[PDB]
């Protein structure tokens, strides 16, 4: 299903679907804001499950990795990398009730746990 899937919001912006409504999705965009969009206003984006990035200590990080957040708004949190880009990642932590556990951090604000 579409929950937790990566979508293209506009040519520059990606997000992750975090709530399903009858005509719309709530989408957590790559900037950390939640937007409401009609189901057809976003396109399904091909996940790159083999993405690699650098964390704050220059470790290679990958999808499925457990990281700690050491800077930025979510500093102190811990999460699982769900979608990974060179500069940011969408993470999940089940203890976070906000946005179904999803949140977004810069990769340089992460360290492999």
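Positions refer to the first chain, counted from 1.
Look over 16-24 and 89-97 in the entry and identify the one with the greater average Cα temperature factor. In the deposited entry, the stretch with the higher C-alpha B-factor mean is 89-97.
Mean C-alpha B-factor comparison - 80-88 and 44-52, higher one: That would be 44-52.
Just say lowest, middle or highest third for the CA B-factor of residue 64 relative to the other modelled residues in its chain. CA B-factor rank for residue 64: middle third.
Check where residue 33 lands among this chain's C-alpha B-factors and tell me if it's the lowest, middle or highest third. Highest third, going by the recorded CA B-factors of the chain.
Could you look up the Cα B-factor of residue 4 in the entry and say which third of the chain it sits in: lowest, middle or highest? CA B-factor rank for residue 4: lowest third.
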